[PDB]
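Visitor: Next one to model:
(one chain, ligands or ions: 1)
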Amino acid sequence: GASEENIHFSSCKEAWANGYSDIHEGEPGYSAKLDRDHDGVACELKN
Ligand SMILES: [Ca+2]
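Guide: Residues are numbered from 1 along each chain as shown. Dropping the coordinates below:
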């Protein structure tokens, strides 16, 4: 179970290198701490 555990990425560039894209609520990086525009998605890859 991939629960959130105080995860902190320096940038979405490092998140994408681990396959972390289209992050939803309750996943690591959904917060304003990752998504500069805080639009309720993180490291989005929807074309
Ligand atoms: Ca965004």
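Visitor: Spatially central residue in the protein, please.
Guide: Compute the mean C-alpha point of the chain, and by Cα atoms, centre = their mean the closest residue is residue 29, 3.2 Å away.
Visitor: wait, that residue sits on residue 18?
Guide: No - contact between residue 29 and residue 18 fails when scored by Cβ atoms under 8 Å: they sit 10.4 Å apart. C-beta: built from backbone N, CA, C; applies to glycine.
Visitor: Next one: residue 2 from residue 40, what distance?
Guide: The span separating residue 2 from residue 40 equals 20 Å under the rule Cβ to Cβ, to the nearest Å.
Visitor: quick one, which of these two is more surrounded?
Guide: For residue 2 versus residue 40, the count of surrounding residues by other Cβ atoms under 10 Å is larger for residue 40: 10 against 6.
Visitor: what sits against the more buried one?
Guide: Under the criterion of Cβ atoms under 8 Å, 6 or more residues apart in numbering, the contact partners of residue 40 comprise 25, 30.
Visitor: and if you look at the one 3 residues further on?
Guide: Contacts for residue 43 were tallied using Cβ under 8 Å, 6+ apart; they are 12, 15-16, 20-23, 29, 34-35.
Visitor: related to what we said a few turns ago, what residues are up against the residue nearest to the centre of the chain?
Guide: Residues in contact with residue 29, defined by Cβ under 8 Å, 6+ apart, are 7, 9, 12, 15, 20, 23, 35, 42-43.
Visitor: Please report the distance of it from residue 42.
Guide: When distances are taken as Cβ to Cβ, residue 29 and residue 42 turn out to be 4 Å apart.
Visitor: which residues are common contacts for those two?
Guide: Joint contacts of residue 29 and residue 42 (Cβ under 8 Å, 6+ apart) are 12, 15, 20, 23, 35.
Visitor: out of those, which one sits closest to the ion?
Guide: Proximity to the ion was ranked across the shared contacts of residue 29 and residue 42 by Cβ to the ion; first place goes to residue 35, at 4.4 Å.
Visitor: which bits of the protein sit near the ion?
Guide: With Cβ under 5 Å from the ion as the criterion, the chain meets the ion at residues 35, 37, 39.
Visitor: element containing residue 26?
Guide: Under the assignment given by DSSP states H and E, residue 26 is not contained in any helix or strand.
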